[PDB]
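Considered here are two forms of the same protein chain, supplied as structure tokens in two stand-alone entries, structure 1 and structure 2.
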Structure 1
């Protein structure tokens, strides 16, 4: 319905509602009140400050600004003190150096202590450059706030907003840098059609060039890749969505797909048509934060995938899910049953001592020579992919992530069939198998 009219309608799905904007301003004024009474110098940074936050993601970022001559724990101990006095409730979170996360009048706030540096040139981590992030964007982004919200809404409706590990998508700072570089949502989307996995966007030089990896150069620190947490596959999904949108634009690109919600009977039918083995490893969810859990689920699922490939079960795809109580690692394989017998490699015929050792073992069938080398028929200890994973998980839990592995050691189950379709995984199965509406 013409690109320009679709973008006007999308603004209603992307701009926060009335009670959100008011809820936020009440919390900000109260927060100013408490900090001012303590005599601390501070600055509100982030998407709240710059009026670029997406509908439904209200969150207030504050940095406490201190004299340049204070030690490492003079900023840690003192900075925390103020953060605990100013919030209704709090939690010691850990991004790189510890900060405070809490609530003020029912609104999430982060309080981060750092130096008051005149000019940046002083490297440490991402914490100490964040004030300079705000300083660089403030007033380069003025007038373009809705362009930022269009880009964030687009990305969110398609599951790729956020740099946290559950997502591996686009951060808020990244969205704002893109809008500054290209000028608008529409120009971002038109130009991203030509991005590659080697594209380097150098915001401070107004330059695009080729490199070894996808790299967005932080204008505050030339060694920092702002797109570091963006996965290759999510970059690919975004380039394809940009091409599709420009080919046939729709308001539907700004709305989240309502899920498949299939009945166990239709899934049973689909699994019968495909002729595959479909199963899950179930275990208790360890008590750790998402940014620690999700890298472990990814690793555990890859190590089991690699086992299935090496054992000739021909895995197609894998997925994983965490609920409140349990985690699930999901697999589909092309092979449901393999023969008991397999071929084990022995030595070359010339090597007399090692040939004697190879032929000494008792076996049911006779070894043989093929292309100058000895081989023997031997028996597998499992013949289905479910039996294989039971064995792998019981013995090699120590490679499946520190905490995920320790949980599997205590308890796991392999589930298939009518039992599997009753766990909260039908949505992940459907996506993994490419099931249509």
Structure 2
């Protein structure tokens, strides 16, 4: 360990050239903003020197009086953001902000209400400046520890808190370091975390609760780890146990033949198909929760129709989106048996038998049963039907897109699509 972590610092700590570049960009931002005479404050990992090597992104916050309208914040904010960046892009889900570059560095110009007491927030990001003040004096000296933690989560796919990841936010990493004292202590204790572990940083306590909860020092009602999924919490805990057991530098390093994949699927004997549709032109933060719903809704449909679904997944390229499925049943019989009433109450038995049927119901164990016919005998046939009539329940945007067009890609043609990596992961193909 001791040694491994030393080498690890070389992958997480920014070199003197990247730091300079960030400082050079910092000064430029101040000079441009001072010329406008705007009120701003630097926050985030850049401000606390906790940003991960190769992930430099400066956060500048524009402070506005709380009396201001949210519309005003949006208009003035974007006005200032655009006038201060070399080039910019504007694309958000709810809270507005401008993304750009200043002297080769990524920058986020974010508008927010300058308040006192983060109790009742007015804009989604009002806590941020307060997180900064709380951390400034506590994280000073332990920033390399935060970086190891970030580099660890990043190299293993659970670093972002955004929906595409559902992992650990940067701020959460910093609270953990403040709570445990170091990357190693965090990892040692995380091995004992549970799905009901509550970490109260301000109280310096860990208690049992109703769900994994990391209390914000700035607001006790805020769960800093709110969007961390159970499975990612589990992957982290399991990763911590492995790292302690066999301390490797590979834990900080970021981690196939389409013809091989065909052989594998052939050997598994499963039904592997995908629902393909055009990708809605919307933010990742809106797209993903929809693909998750769409993916889940179809998966549940496949389970109640007895196709015995194994797993589902999804891929979103720039063109299309794909919802992936694997089922144990490639084809089921046309008939099935519907349970009827007990022979005892004749009223319902009469109604049951009056039903026009093709085979005539029988008695088994004191109750009537009837052979009914399915409307589809293959997983693909059912999904084609489901997705055509229930598109409205597949997410607001993903559902409307599927309404205007979708297709079921199966067999040979499916391995030609940009989903091969996703399938391998989904099927547990190893090597």
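Positions refer to the first chain, counted from 1. In this text, the rigid core denotes the largest set of C-alpha atoms whose superposition between the two forms falls within 1.5 Å.
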Q.
Listing 84, 198, 240, 166 as candidates, which single one shows a C-alpha movement of 2 Å or greater between structure 1 and structure 2 when the core is held fixed?
A. 84
Q.
My question is whether residue 376 is one of the residues whose C-alpha shifts by 2 Å or more between structure 1 and structure 2, given a fit on the rigid core.
A. yes
Q) Is there a C-alpha shift of 2 Å or more at residue 410 between structure 1 and structure 2 once the rigid core is superposed? A) no
(Q) After core superposition, I'd like to know whether residue 210 moves between structure 1 and structure 2 (criterion: C-alpha shift of 2 angstroms or more). (A) no
Q) For residue 385, what C-alpha shift in Å results between structure 1 and structure 2 following superposition on the rigid core? A) 0.2
Q. What's the distance in angstrom the Cα of residue 23 travels between structure 1 and structure 2, core superposed?
A. 2.5
Q. With the two forms matched on the core, what distance in Å separates the two CA positions of residue 72 between structure 1 and structure 2?
A. 5.7
